[PDB]
Structures are given as structure tokens and as C-alpha cells.
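Participant: Protein sequence lines correspond, in order, to chains C, G, B, F, A, E, L, H and D. Mapped onto PDB author numbering, the consecutive letters of the first sequence carry residue numbers 12 to 118. Mapped onto PDB author numbering, the consecutive letters of the second sequence carry residue numbers 12 to 118. Mapped onto PDB author numbering, the consecutive letters of the third sequence carry residue numbers 15 to 101. Mapped onto PDB author numbering, the consecutive letters of the fourth sequence carry residue numbers 17 to 102. Mapped onto PDB author numbering, the consecutive letters of the fifth sequence carry residue numbers 37 to 134. Mapped onto PDB author numbering, the consecutive letters of the sixth sequence carry residue numbers 40 to 134. Mapped onto PDB author numbering, the consecutive letters of the seventh sequence carry residue numbers 101 to 126, 132 to 143, 184 to 448, 460 to 652. Mapped onto PDB author numbering, the consecutive letters of the eighth sequence carry residue numbers 29 to 121. Mapped onto PDB author numbering, the consecutive letters of the ninth sequence carry residue numbers 29 to 121. The beta carbon of each residue, even a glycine, is placed where N, CA and C say it ideally should be.
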Amino acid sequence: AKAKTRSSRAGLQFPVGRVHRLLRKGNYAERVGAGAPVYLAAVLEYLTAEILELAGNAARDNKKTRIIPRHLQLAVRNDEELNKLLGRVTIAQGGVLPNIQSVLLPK
Amino acid sequence: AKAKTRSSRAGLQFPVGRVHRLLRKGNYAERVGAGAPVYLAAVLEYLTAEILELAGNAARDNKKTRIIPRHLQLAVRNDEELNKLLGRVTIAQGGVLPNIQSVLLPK
Amino acid sequence: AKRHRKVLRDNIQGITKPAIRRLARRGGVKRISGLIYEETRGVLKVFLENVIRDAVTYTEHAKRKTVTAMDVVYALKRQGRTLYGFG
Amino acid sequence: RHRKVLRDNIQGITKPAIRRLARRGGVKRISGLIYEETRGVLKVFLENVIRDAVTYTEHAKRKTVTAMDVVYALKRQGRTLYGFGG
Amino acid sequence: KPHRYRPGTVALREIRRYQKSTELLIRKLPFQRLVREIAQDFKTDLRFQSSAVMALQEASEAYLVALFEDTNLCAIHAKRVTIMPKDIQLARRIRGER
Amino acid sequence: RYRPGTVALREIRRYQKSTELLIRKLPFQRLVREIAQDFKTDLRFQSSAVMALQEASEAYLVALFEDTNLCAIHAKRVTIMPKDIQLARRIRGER
Amino acid sequence: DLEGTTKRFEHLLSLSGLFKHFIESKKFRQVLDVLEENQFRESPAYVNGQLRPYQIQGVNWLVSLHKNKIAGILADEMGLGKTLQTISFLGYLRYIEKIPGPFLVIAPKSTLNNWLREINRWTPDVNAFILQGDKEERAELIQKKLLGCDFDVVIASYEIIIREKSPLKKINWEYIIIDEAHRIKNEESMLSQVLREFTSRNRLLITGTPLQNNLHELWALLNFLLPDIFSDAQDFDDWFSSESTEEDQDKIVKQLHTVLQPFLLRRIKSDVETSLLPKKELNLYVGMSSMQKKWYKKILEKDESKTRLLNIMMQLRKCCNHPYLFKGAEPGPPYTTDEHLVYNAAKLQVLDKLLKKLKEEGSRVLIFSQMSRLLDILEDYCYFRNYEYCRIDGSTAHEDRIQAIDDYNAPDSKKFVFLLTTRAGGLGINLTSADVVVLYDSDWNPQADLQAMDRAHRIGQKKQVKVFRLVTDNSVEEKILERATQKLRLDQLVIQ
Amino acid sequence: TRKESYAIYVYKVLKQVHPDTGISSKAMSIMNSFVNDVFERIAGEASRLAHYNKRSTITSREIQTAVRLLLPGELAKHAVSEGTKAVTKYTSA
Amino acid sequence: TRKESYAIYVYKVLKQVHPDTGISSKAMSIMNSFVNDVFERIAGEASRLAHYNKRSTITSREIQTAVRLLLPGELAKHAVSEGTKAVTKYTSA
DNA sequence: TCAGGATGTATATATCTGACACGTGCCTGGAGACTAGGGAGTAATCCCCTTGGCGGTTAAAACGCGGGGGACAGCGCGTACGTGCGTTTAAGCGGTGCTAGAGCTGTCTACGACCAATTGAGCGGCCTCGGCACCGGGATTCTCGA
DNA sequence: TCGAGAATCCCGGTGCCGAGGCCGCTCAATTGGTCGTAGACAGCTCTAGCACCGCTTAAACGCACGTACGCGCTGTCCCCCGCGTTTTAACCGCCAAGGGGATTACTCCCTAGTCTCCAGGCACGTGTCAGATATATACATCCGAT
Ligand SMILES: Nc1ncnc2c1ncn2[C@@H]1O[C@H](COP(=O)(O)OP(=O)(O)O)[C@@H](O)[C@H]1O
């Protein structure tokens, strides 16, 4: 019997034993299933990969390799659905994306 | 060896045994105290008596003996701190308390 | 011929012009323009669409086929519009 | 553990600071009565979130308002802040 | 000449009559058909308890009343008395909805 | 000299592009300690508590001014006033 | 109050002693042991005219029930004069017994004008209203005139009596005469609940036919005749075991030849006769076209279809009737008036054949259906064959219902067919000028078909009447037809 | 068929505040839903407040802090007074 | 002293999305706080979704309905797809 | 319409610094093996929702019209923020103690969990009688004119 | 500048149906008694917060212009209000079926515990290159006129 982790059985990068322990000891329900920590691991994979992919594009746009919280700010509030999810949270050291009202600037 | 309800040891009306069972089975924490259901029963006593006393005065205003959802609406939102508690909740069959903007009525 | 159901005034138009008129009188407004009505039908359709999507999600989870009142209460509470009276 | 009781307390939030803070918002032509009003509404906000943060501090029987207490005050206040643990 | 009122007297009298009242205000059977039409799209052939339709109607009524009250504040800010589409969309652009 | 209205748009383009923390740290320190003296006496603070509190209040007030700018341009002007900065936090759900 | 209760119980036991089966085995056993130890065949000319000898036969049955102080049911056939027998019984309490009131009759709204014509045509000395009008005008018809007590007979509707239950509790009634009484076939109807709240001396009842579906209908008609006798729901169904549906030994129905006869008087067509001609009836078992054979599988076996399956017996009823009611079986826009329409309904294929055989004979037909949407298909098909017609239906009008009948009963009317629905137009209309009458489908009420069959088969019919029922082979309708066939021998073999 | 509710207790509190005023049925349902709401807010907040200190049980100090934290201003003072009064009278017996 | 921080998993996902892009520690802290926020939302909603049905265990269908109910619109469909793909690969092997 | 400064953008040498990797200890994830409960899944009972039609009643809705008060461009004018420039001044960085208290371990009990008898409060079912809704009618009163 | 006239509130009367009482039962509270084990308190350590002080220089402030935007005022249409008259759709009743959602109730399999080894990842030291200042090259854009 050689121990094989079940982050590898489902083929994920996020841990499944950690999210299972944390979901148990955070007294959500009285019993947990077997498929629930695998399912949560998968959706956290998808969300992290999606927001980080948009931040990577926005970092490469300003000719920078290493990413900044400003780039996370632009990738969050420059999309639409991911803006709708995180619409109420602020972000540290993020700033505001540029817009000026239309009838304010001269013509 | 004869029973005494611990709703009566505190001198309350709300049931301490029921709120203890409900706070246990509603999986809020892994262990529950002894003074915690007593404290909750007391604050529910006070809040219910307060909203219902203002409701009784507002029902006595309109020459009524039985109270109505209209009277609970006028009891809540004509108050200040109780309006601050219940600001985000609508009430069925309530209606709006009367106001007309001041620069809208003729003169 | 006229043998078809295509000739009918559609269903959002049941919210009549005097109904929104009364509904704004309760809000306390004196004089109403003529372009409130179509935009208000748009606003109501948006609001109901979100609430009824959440309600049908709560029903379809529990393997029923009929929407209860507690269902609508849970949807409106989750969205942040908690409704007393039916719980 | 000393006290250098220095006056002129709240309006150390100066008007060039508040004007920069409005230029980030996208405004163009600021009146002269914005200033005392904005100091008032900032004080209201800061009152509420510090009241809750010091309640969370006092509950765990400590003397230092940590960062996590302020994150929790903002969390239940309505507006979450990422970046500072938790 | 017959007896007419000035334009605006009937409006204030209506405002008093509906703010004093507590009835349910947009009608029942057209709202029934609207809910069935709006939820045919999400899944076919559901059924509705009638108390669920009453709950949904009371919630939309309360929401739409509060929206018109906010629109009236914004219109009276613009130094008018008529409400328009401009402020009925400002009053929920400023809310967090658009 | 410049026309009145050019330097303002240059400052808009500057302060919306940067991300630095914008009001000065030591008067904000004294404001927080002055306003928290009232609830409990003689507390401590971490540095990151004051930084978190400053960053939150700054973002709050920036979003408030953006909404006030919309509410000012609604009345067909370009100048914000007390009237619309209290209309905005009336209509938000705060007043 | 027990003065007539003695006269009622003793007159129950004045006949064959099957009445003792439940009265002994029932407060209503108290007065039993107190008592257990114990004409006019001249056509009387107080009416303005004559009385037929069979009409005299019915009127004498009424004063039989009157003197013995019990109620009844007058369930004869229309055209025989149920009204004239009723009016002459009222003049018996004006020219013989001379009891000047009060009187209350209730009828459907379509017949109310025909009553007050018929009152003064035979007893002109009667003071009687027709209580019409709105909430304004009914107040003068109550306060100024009904409260003035200057009346004899009040003629109300089924639905004004619901709005006006409060000003009619003030008057204690000598008679309540309910006409066309299929409304009280339910015991839990809103109208029957109002009726028991009144006060009466006598309670008459005139309907066309008794029960259509269950035995449970008929006793509720008799419960609101004389509630002192039954007042019981368990004790009538279980004593009879619901129409002898288990053995058909037909010895429990001997008891119906003992119970119903002190309260019922139903007479056959063979009296005069009415149409002076017997009629026939055929069943035309037709198949299914290949398109609607798919749609029968598109619903059950869940196969283009995209159908909602809410009411099974109603969705499949459209498939058995005509495929193009499902609005997706139609070919797409632009819509063509074409012969492939009739190709996918096997009934229309026969109907195309059937109208050609009768165009030569000139036999003008009346067509019935349970759905107005399927008349809309025949609305276009008669144009596509260039056939003149008219369409009386629900939601047309009331004034339109006068004219198009007078078109079709006009001499030398060039209208080939004439369209109607079943439960709509049974309002005493005359369509005897047509000779044949066909149907389209079955019905859960066999008497609703059977009352509709006498649209042309009444007084004034001179040609032979044929009925053709389009029945779909091995489908939903052959279940419904046999269930309708089952209920027809039921009230036939009870009465006849 | 068995359903539990805070009905009779609200009626008792009504009759020891107003000796003659009655309550309707709709208002009884609306106040039953109210006390369910306030109970769920306070207990759910004390849950995460006890979680923030790595402390397993929930005790009277947690309800103390949560009612101080959840309901505003001058109302918290009287609620704290009522709760501590009930707890002292409970532990005295 | 032991502190669990989600950092290395975020770095692995970064190294298989953009194989050459790095991340600063402030951004790593901010995304740590992001996954804790989203995790607590989904788990806390699935808990009360299981409480409404009088069911004791929390299961895959609860997380299914919670992640459908919670994160908006078009973003829910791909998340459901990733979740079902992972669960079927887990039970099959 | 074209020259004139003060702005924003490649542009290349040139430091600090903090992210990325490498190498070590130890904490929990897991394999597994037995048990017990929870929830699935058939299987009766009954009662509120659904379709496609009839009938009647009756307030709402739809439409139309005259007209009048509001929205809305122009227009003048008068303070009042914007811009810039000297002149203070206090924030910011950079050391340097100094100690309050955050945090961690060690015992060791008070106190919730858990269990089985036991038995009184609360929940469905019944009746029943005034509180409220409604209807003329009458007095008052608010809005429209001289 | 006070009369006409319609709207609203305040008087009686009926009547009806839901809110308050009582009755029976039954099943969650309540008592009494073990029993493990969170948290309470005491004690030690070391770390991050607090108070200084000095030096430099961005930054605030107070002054002067000066033009441009806010605001009152003026006609001028013109769109929404108020009332009168058709007209139609809600709103009840009714038909005639049937069907999905709640209660026992019973028997598998899923998950939680429990002991046991090993490896994952977290902290802690080294030891390098992407970002930033800086800083002098050339670079694109509003501003009196014409
Ligand atoms: N002896 C008679 N002579 C002439 N007409 C008669 C006679 N008896 C009955 N009628 C006719 O019969 C009609 C009564 O119709 P009736 O069958 O009572 O209708 P329903 O069945 O709808 O009550 C009257 O209009 C009357 O003219």
C-alpha cells in the first residue's frame, strides 16, 4: 500500500485533503460527502485560473513580467461577470481604472 | 424531585429549553453554554416587547383594539433606532408611511 | 385567415398605464412623464427575472416541480430583500 | 505611554488632500463648501468601523487593535477588503 | 361653466388616498400571467402555489414603490416636478444596479 | 498661464493612473487615535491596522465622489455642492 | 313545526313499506315512535285557454303532492309544456285555494322573458316582476316595489340570487320553484348553500333530466327538496352501493321502483309525439393519419415535437381530433390553405366524403365540437370548399345569436353547414329546419350530447334525423365513448 | 402536522404589556417571522465570533458581544441590561 | 507558528497558465484572501441549503446548487463543467 | 492660418532588492478495517393546481379633447473658484532606547455531552360572540371662483 | 377681497367570521448521575509599539488676479392633466377529470472514528536578476494671433 494523494486522482492542483479538513472543522454541516471537497477543489481551480489569466494578460500589456495588485484591479473591474461577483469588495493598493465623463472634457 | 421550568427561574416567557434545543440542533458551534440560551431569551423578550408596545400605541391611535400589519409598519418606520435595525426588510400589507415633499404641495 | 394565436397583446403589457400610475402615486410623485411606462416595464422584468431564477434554482434542488412561498422568501432573503409575513 | 495633547484635531485632513482625493474620483470644479461636509462624512464612516473593530478587540481581552479586527469590522459592515489576511 | 379643478389638485388627493391605504395595487391575473411567462424560460411546466405568486407580487410592489420615491427625490433635485427616464436610471445607477 | 480647466484634466489623468495612498499617514494616525480615544481609553494599534483603515476610508470616499459627480452633472452643472453629496448618500441608503 | 311532519311521515308509510328500511334505523327517531303506534280532469278554465289531457295528468300529480304536503320533481321533456303545468298550479292557489302569495321562481337568464310572456298568456291576473338591472336600479325594484309587497311572483336568475340573499330573508316563502335545476347537481355549490339559508313552505323543482354521472348527484337534488327525509350522504350511497356497479343483478334497482315514484314524474316522447318521428344514431369509427400517429408517440414515449405534457387526456384529445391544433404540426410561414390540411386528419377525409354525398341530397347539417379552436379549422375549410355557413358560439354576442339563427331558418337559405359547440347554445333555440346533425367527438356527459341531439329533433321536424359520431380507432376516445356508453343505459333503465 | 412557533409567547408578552389590546393572525405570523430573523442573526454572528478566537463553545460572553455588536446605539444598552439581569437571576437559583 | 496560506497552489496554477510570469507577495496575499472569501461563501451557502431540506449531510449536489446559485451567469456554466469533470474522473479511477 | 515653450515618451547605463530556487526537520493525509444510522426507495391517502371551455356582472381601462402650467432655450451679470507665486512648516526618514503585553506552555478541574426514567407544557380540534367592515345621512371643510 | 360646491370625516345602525377560550393527548423538557477534556489561570519570553531627537524638503497656505459658470429672469411652445363616454377584461361560479406532495416503514451502504506509519509543505537560511531611479538625449501638444 503506497499512499497516493487524491489531488492527483481527480487531477487537480489545489489540495483536497486540506479543503476536506477545513470544511469539516468549520462546522457547516454535521456530515460531509466524498464528492464535495473534490467539487470545491475544482471550482477554486477554475476561478483562480480565470482571474489570474486575465491579470497575466493585463501585466503583459504594460510590458511587465511580475504582477502588481494594480493589474489584479484592472483584470477584476475590466471584465463584466467577474466584476459582478466581486462588485462589493475593494482591493488593496488597486486604484481606479481611467474614465472621465463625456460632457466634461472640452471639445 | 418535582420539575420547574428554567424559563421561570429567569422569570421570562420565551422558552429557554426550546431556544437551547434550537441553538444546539442548528449547528452553530460544537458545544453550547448554559447561560447563552438564557441571555438570548432575555434579549428576544425585550425586542419583541418593544416593537409590540409601539405597535399597541399606534393601534390605540386609530381607535382600534386589535393590531394590524399597517400598525406594525407605522410602529417600525416612524421610530429611529428600530428603523435602523429593520431597514432592509419589507413587510407584507404594510404600505408607506405618509409624506409629501415640501416644495411640491401648492401655495 | 385568422386561425392563429399570433394576434395578441403580449404579456408585460398587462401592467397597465394606470397601474403604474397608482403605484407612483403611492410613492408620492405629482406629475409623470409619458416615457416612464416602457422603462418601468423593463425594470420590473429585470427584477422579477432575477428573483424567479433564484426561486426555480431552490425548487429544482429539492426535486420538486412546484414553487412554494418559502422558496420565494429564501430567494428574496438571499438577494437582500427579506420579506416578513410568509415565513 | 505619554500624551502630547496637540490641538487642531480633525481638520488635519487638509483641503489639498481632499481635493486630490476628489480628482481621482473624476470631478472637475469643486465648490468651497465641500470641505467641512466631507470631513463630517469621513468622521461618520470612521466612527462606525472603529466602534466595531474595538468591540472585536475588547471581546478577546486584548489591548492592541490588530489588522484582523479591522478586516472583520469592514466585513460585517458590508464592504470586504482583500489584502491583509483572512 | 362647469366645475373643474386646477391641474394638480386631483394628484395630491390621489397621493393622500393611496398613502393612507394598504391594499395590493397592481392587479392579480395579469401579474399571474407575467410570472408564468417570465418563468417558462428557465424550466418548462412548473406549478405555482398561489401564496408564492402573492409573495412575489408583494415584493415587486414594495421594490417598485421605493424606486419611484427615490426617483422623485432625484427629480426634485433637478429643480423640476416631472419625473423622467433620466432620473429613473440615475436613481439605480447610483444604487449599485447599473 | 493656462486656460482654467486644463491643469484640472491633467491632474485627473495623473491621479487616476497612479495607485499610491493619497492622504498623509501621520495626520490620519492622529485622527484615528483621537476618534478611538472615546470608546476605550489608552489602546495600542498595529501599523497594518492603521494602513487597512486608511485604505478602506480612502476607497470609500473616492467612490462617494464619483457618485457625487454623476449626481452633479445630472442637474446640468459641473460643480459639486453639499446638496448632491448629501443626495447621493441619501439615495444610497445611508442617511 | 311537527304538524306536517306527522302528515309527511304517515304519507311516506301510506304506500309500500320499504320506507321503513331506514326510518327505523336512522331526534329523527324520536317522533317515529310517537306515531308508530298509530281528479280535476275537465281542463279547468281559470287558465286562459285549454289544458292537454297529459298536461292535466301532470297538474293533478302536483296537487297530489300539495294536499299531502310533500315535494317533487317535474322532469318531463321540453316542448311538452312544463311551464303551463306550472302556471296552472299557481292559479289553483288563486282560483281554488286562493292563497295570493308569495311566490319565487328561479331560472336561467336566457329564459326569463319567456316566463312573463307565458304568465299573462294563460293567467293574466298575476302581478309579477323580472328583477333586472344594476345596483342602482335593483334598489328601486326592492325598496320601492318588492318592499311595497305589491307582487305575487318574483322571477330571478341563477346569479342575481347570489348577490341578493339579504333582502329575501325578510319574506317567508310559500313556494320556491327552481327551473332547469342542473345547478344543484352539486351539494357544495355556492348557489345551494344560499338556498338552504332561506325559509319555505313548499319547495318545487323542475329540471330537464335527472343525474348524468353519478347517483351522488340525484339525492342532493332531493336533499334540498325535503331534507328531513335523508339529510345523509353515507346512508344513501352505501345503502345502494353506487348504481349496482358490482353485480348487475338488477334486484337492488327494484328499490328504485319503490323510492322514486312518490317524487318523480318523467314522461316519454311517445306522448304526442313531439317530432312525430323516431330517429337513428351511427358510430363512424375512423383511423389515424400517419402524421398524428407520430404525435401520439411524441407525447407518451417522448420522442420536432417539443410538447408540454400537463393534461394527458387533453393533449392527447387534440392528437385524436386534429394534428394542427398543436401549432407546430403546421408547416411554417407563409401559411397555405391547402388539401394537406385535411390529409393529416382522418375525420376530415371522411368529412370531405360525407359532405359530398349530402350536397346532392341537400341535407343541411349541424356540427358540434367541444373546442372552439377546432371550429376555426372548419371555419377555413368551408371557405376552401366554398360553403356558406354561420357560426353561433360563445363570445360572439347575444344580438348576433338572434340573427344567424334567423338566417338559417329563413326559407331558401343557401348556407350549406352551420357550426356550434355543445354546452353553449341549448337556450331554447329553434333549428329544426336542418335534417341531419353530426358531431365531432365524445363527451364525458352523455346527456350533454343527448340534449344537443334534440337541436333539430323537436316539434316542427318533418324529415328523418341521422346522427354521425366521428370516433377515432383504438385511441383515447374509444375509452371515453364506452364510459359515455356506460352512463347512458344507467338513467335509461332506471326510469324506463 | 406538528409545527412549532413563537405564537403563544408573543401573546403572553402582549398581555403583560397591554392588558386589553389584541393581536390579529397576520401580525402574529409577521412577528413569528421577526423573532426567527433576530434569533438567526444573533446566533449566526456569535458562531463566527467564537470561531475568530479558536474557541469551541458558545457562551454568554459571546451573546453579550454579539448583541452589543449587532443592534444599534441606545437599544444595545437596554438589551445588555435585560440579558445580564436574567443571567444573574438564573444563576442565583 | 504553523500558518497555512494557499500560496504554492496559486503559484502552480500561475506556472501552468503563463509559464514565465511571476507574482509579488502583495498579490499573493490578496489572492489568498480571495480564495478564502469564495470558499467561505460557497460552503456557507451550501450549509443553509442543506438545512432548508432537513437533510443532515452536505454533498456534491449541494455544492452543485450553491455554485450555480452564487456566481453570476455565464461564469457558472464552466465552473459546473470543471466540477463534474473532476468528480467523474475521481470516481472512475 | 504658423513659431513657442512646457508637457509626456523611447532610451541607455546604473544600483538595491526582493522573488525564486535549494536544502532540511515534523504534522497531518491517507489505507484500512470494523459499525451504525440516514436516506433511498417502494407504497398507500388525499387535496390543491391545471386545461379548455360556458355563463353573467361590473368596475377599470381606453380613448378623446381643451387647455394651461411646466420644461426649456437664450441672455445678462456678478461673484468665486482656478492658477500661480513666495513663504512657512510640518511630514517623512533615520536612528535609539524601553517596556507592555502577545503569545506560548503546564496543570487540572468545572462543566457540557450523553444517557435513561418520567410527566407537564404546548399543539391540534372544537365552539362562540363581539370587533370590525359596511351603509345611509349629516355635519364639516377645503378648493374653486368674485 | 367671502360665497358655492364637492370631498371627507363622523355619526348612528346591522351582521359575520375570525380571535380567544377550553379539552385531550403525547413527546419534548426536566432530573439525576457518570465522565472526558476545553478553558482558566500562572508563568516566562521576546517583539513590536511607543516616545524621543535631529535633518531635509515636499507640501500646505495665504496672497493677488481674472474669467467663467451659477443663477435669476424672460418668452414660447406643448405635453400631460381632468373630465366625459364607450368597451373590455378582471372576477366570480361551474364542468370534469387527474396528479404531485406529504407520512410510515424497512433495509442496505456511507461516513465517522481509531490506530498506525511516511511524506508535504512550511519555516529558515543562502544567493541571484527584474524593477526604479536618474538622467541627459530627442518628442508631441495646449496657447496669444492671424
Ligand atoms: N295546450 C296547449 N296549447 C297550445 N300551446 C301549448 C299548450 N301546452 C303547452 N303549449 C306551449 O308550450 C310552451 C311551453 O314550453 P315548455 O315545454 O314548458 O318549455 P320548457 O320545457 O323550456 O319549460 C308554451 O310556449 C306553450 O305555447
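1. State the Cα-Cα distance for the pair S33 of chain H and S53 of chain H, rounded to the nearest angstrom.
2. Taking 7 angstroms as the cut-off, does the CB of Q195 of chain L come closer than this to any heavy atom belonging to ligand 1?
3. Run through the DSSP bridge pairs and tell me what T80 of chain F is partnered with.
4. Ignore the nearest five residues each way along the sequence and tell me which others in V115 of chain D's own chain have a CB closer than 7 angstroms to its CB.
5. Applying the criterion that 16 or more other CB atoms from any shown protein chain within 10 Å of the CB defines a buried residue, is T16 of chain C buried or exposed?
6. What I want to know is whether the C-beta of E342 of chain L ends up closer than 7 angstroms to one or more non-hydrogen atoms of ligand 1.
7. Would you mind reading off the limits of the beta strand (DSSP E) that contains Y480 of chain L?
8. Go ahead and pull the three-state DSSP assignment for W600 of chain L.
9. Quick check on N60 of chain D: buried or exposed, where buried means 16 or more other Cβ atoms within 10 Å of its Cβ?
10. Taking 8 angstroms as the threshold, find out whether the region 68-85 of chain A comes into contact with the region 69-81 of chain B through three or more Cβ pairs.
11. Please report whether the beta-carbon of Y37 of chain D lies at a distance below 8 angstroms from any beta-carbon of chain C.
12. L481 of chain L to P490 of chain L, Cα distance in whole Å?
13. Can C546 of chain L and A566 of chain L be called in contact, C-beta distance under 8 angstroms?
14. Using beta carbons (cut-off 8 angstroms, strictly below), is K79 of chain E in contact with chain F?
15. Which chain B residues are close to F62 of chain H, counting only those with a beta carbon under 7 angstroms from its beta carbon?
16. Which chain F residues are close to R69 of chain E, counting only those with a beta carbon under 8 angstroms from its beta carbon?
17. Quick check on the DSSP output: what are the complete beta strand (DSSP E) runs of length 3 or more inside the region 466-548 of chain L, in order along the chain?
18. Shorter than 7 angstroms, the distance from the beta carbon of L229 of chain L to the closest heavy atom of ligand 1, or not?
19. With distance defined between alpha-carbon atoms, name the residue in B:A69, B:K20, B:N64 nearest to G101 of chain D.
20. Is the shortest distance between the beta-carbon of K54 of chain H and the beta-carbons of chain G less than 8 angstroms?
21. Taking all protein chains shown into account, do 16 or more other C-beta atoms lie within 10 angstroms of the C-beta of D556 of chain L, making it buried, or fewer, making it exposed?
22. Return the residues of the region 61-81 of chain F that lie within a Cβ-Cβ distance of less than 7 angstroms from chain H, sorted by chain order.
23. Just the Cα atoms here: how many angstroms apart are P247 of chain L and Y320 of chain L?
24. Give, in chain order, every unbroken run of the alpha helix (DSSP H) that is at least 4 residues long and sits entirely within the region 14-97 of chain G.
25. Where does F624 of chain L sit, in a helix, a strand or coil, going by DSSP?
26. Confirm the yes/no value for this check: CB of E263 of chain L, any heavy atom of ligand 1, distance under 7 angstroms.
27. Buried or exposed for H82 of chain C, please, with buried defined as at least 16 other CB atoms from any protein chain shown within 10 angstroms of its CB.
28. Return the residues of the region 92-121 of chain E that lie within a Cβ-Cβ distance of less than 7 angstroms from chain A, sorted by chain order.
29. Rounded to the nearest angstrom, what separates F343 of chain L and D221 of chain L at their Cα positions?
30. Are the C-beta atoms of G44 of chain A and some chain G residue less than 8 angstroms apart?
31. What does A103 of chain C touch in chain E if you count any residue whose Cβ is under 7 angstroms from its own?
32. Between the Cα of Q92 of chain D and the Cα atoms of D:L103, D:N81, D:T112, which residue gives the shortest distance?
33. Please list the partners that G94 of chain B has in chain H, where partner means a Cβ-to-Cβ separation under 8 angstroms.
34. Can you find at least 3 beta carbon pairs, one from the region 54-63 of chain F and one from the region 91-98 of chain E, that sit closer than 8 angstroms?
35. Is the beta carbon of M223 of chain L within less than 7 angstroms of some heavy atom of ligand 1?
Facilitator: Straight from the coordinates:
1. Here residue 33 of chain H is taken as the residue at index 5 of the eighth sequence, counted from 1. Here residue 53 of chain H is taken as the residue at index 25 of the eighth sequence, counted from 1. Their backbone Cα atoms lie some 13 angstroms apart in a straight line.
2. Stepping through the seventh sequence from its first residue, residue 195 of chain L is reached at position 50. The nearest non-hydrogen atom of ligand 1 is less than 7 angstroms from the C-beta of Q195 of chain L.
3. Along the fourth sequence, one-based indexing puts residue 80 of chain F at 64. BP columns for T80 of chain F point to E:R83.
4. Along the ninth sequence, read from residue 1 onward, the residue named residue 115 of chain D stands at position 87. Cβ contact annotation for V115 of chain D (same chain, cutoff 7 angstroms, sequence separation greater than five): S88, in chain order.
5. As a working mapping, residue 16 of chain C is identified with position 5 in the first sequence. With fewer than 16 other Cβ atoms inside 10 Å of its own Cβ, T16 of chain C counts as exposed.
6. If you number the seventh sequence from 1, residue 342 of chain L lands on position 197. No, the beta carbon of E342 of chain L sits no closer than 7 angstroms to any heavy atom of ligand 1.
7. Looking up residue 480 of chain L in the seventh sequence gives position 324. First-last for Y480 of chain L: undefined, no H or E at that position.
8. The residue given as residue 600 of chain L occupies position 444 in the seventh sequence. Assigned with DSSP and collapsed to three states, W600 of chain L falls in coil, not helix or strand.
9. Residue numbering aside, residue 60 of chain D sits at position 32 when the ninth sequence is read from its first letter. Looking at its Cβ environment, which holds 16 or more other Cβ atoms inside 10 Å, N60 of chain D is buried.
10. Yes, since at least three Cβ pairs between the region 68-85 of chain A and the region 69-81 of chain B fall closer than 8 angstroms, the two stretches touch.
11. Within the ninth sequence, numbered from 1, the residue matching residue 37 of chain D stands at position 9. At least one C-beta of chain C is nearer than 8 angstroms to the C-beta of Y37 of chain D.
12. The sequence position of residue 481 of chain L within the seventh sequence is 325, counting from 1. The sequence position of residue 490 of chain L within the seventh sequence is 334, counting from 1. Rounded to the nearest angstrom, the two C-alpha atoms are 17 angstroms apart.
13. For the purposes of this step, residue 546 of chain L is identified with residue 390 of the seventh sequence, where counting begins at 1. For the purposes of this step, residue 566 of chain L is identified with residue 410 of the seventh sequence, where counting begins at 1. Contact: no.
14. The residue you call residue 79 of chain E lines up with position 40 of the sixth sequence. Cβ-Cβ to chain F under 8 angstroms: yes for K79 of chain E.
15. Residue 62 of chain H sits at position 34 when you count from the first residue of the eighth sequence. Chain B residues near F62 of chain H: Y98.
16. Indexing the sixth sequence from 1 puts residue 69 of chain E at position 30. Those within 8 angstroms of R69 of chain E in chain F are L22, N25, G28.
17. List check, beta strand (DSSP E) in window: 521-523.
18. On the seventh sequence, position 84 is the one that residue 229 of chain L refers to. Result yes, Cβ under 7 angstroms from ligand 1.
19. Working through the ninth sequence from its first residue, we reach residue 101 of chain D at position 73. Out of B:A69, B:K20, B:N64, B:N64 has the C-alpha closest to the C-alpha of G101 of chain D.
20. Within the eighth sequence, the letter at position 26 stands for residue 54 of chain H. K54 of chain H counts as touching chain G.
21. Counted from its first residue, the seventh sequence places residue 556 of chain L at position 400. The residue is exposed, with fewer than 16 neighbouring Cβ atoms inside 10 Å.
22. Result list: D68, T71, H75, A76.
23. Numbered from its first residue, the seventh sequence carries residue 247 of chain L at position 102. Numbered from its first residue, the seventh sequence carries residue 320 of chain L at position 175. A direct Cα-Cα distance of roughly 7 angstroms separates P247 of chain L from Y320 of chain L.
24. Here the runs fully enclosed are 17-20, 27-36, 47-72, 80-87, 92-96.
25. Mapped onto the seventh sequence, residue 624 of chain L falls at position 468. It is a strand residue.
26. As a working note, residue 263 of chain L is residue 118 in the seventh sequence. The beta carbon of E263 of chain L sits closer than 7 angstroms to at least one heavy atom of ligand 1.
27. Within the first sequence, numbered from 1, the residue matching residue 82 of chain C stands at position 71. A buried status is given to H82 of chain C, since no fewer than 16 other beta-carbon atoms sit within 10 Å of its beta-carbon.
28. Closer than 7 angstroms at the C-beta level to chain A, one finds these residues of the region 92-121 of chain E: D106, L109, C110, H113, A114.
29. If you number the seventh sequence from 1, residue 343 of chain L lands on position 198. If you number the seventh sequence from 1, residue 221 of chain L lands on position 76. Cα to Cα, the separation comes out at about 27 angstroms.
30. As a working note, residue 44 of chain A is residue 8 in the fifth sequence. Among the residues facing chain G, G44 of chain A is included, as its CB has a counterpart in that chain under 8 angstroms away.
31. In the first sequence, counting from the first residue as 1, residue 103 of chain C sits at position 92. Within chain E, the residues near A103 of chain C are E94.
32. As a working mapping, residue 92 of chain D is identified with position 64 in the ninth sequence. Here the closest residue by C-alpha is D:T112.
33. The residue labelled residue 94 of chain B in the question sits at position 80 within the third sequence. Using a Cβ-Cβ cut-off of 8 angstroms, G94 of chain B is close to nothing in chain H; its nearest Cβ partner there is about 13 angstroms away.
34. As far as the Cβ criterion goes, the region 54-63 of chain F touches the region 91-98 of chain E, which means the pair count is three or higher.
35. Translated into the one-based positions of the seventh sequence, residue 223 of chain L becomes position 78. Of the heavy atoms belonging to ligand 1, at least one sits nearer than 7 angstroms to the Cβ of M223 of chain L.
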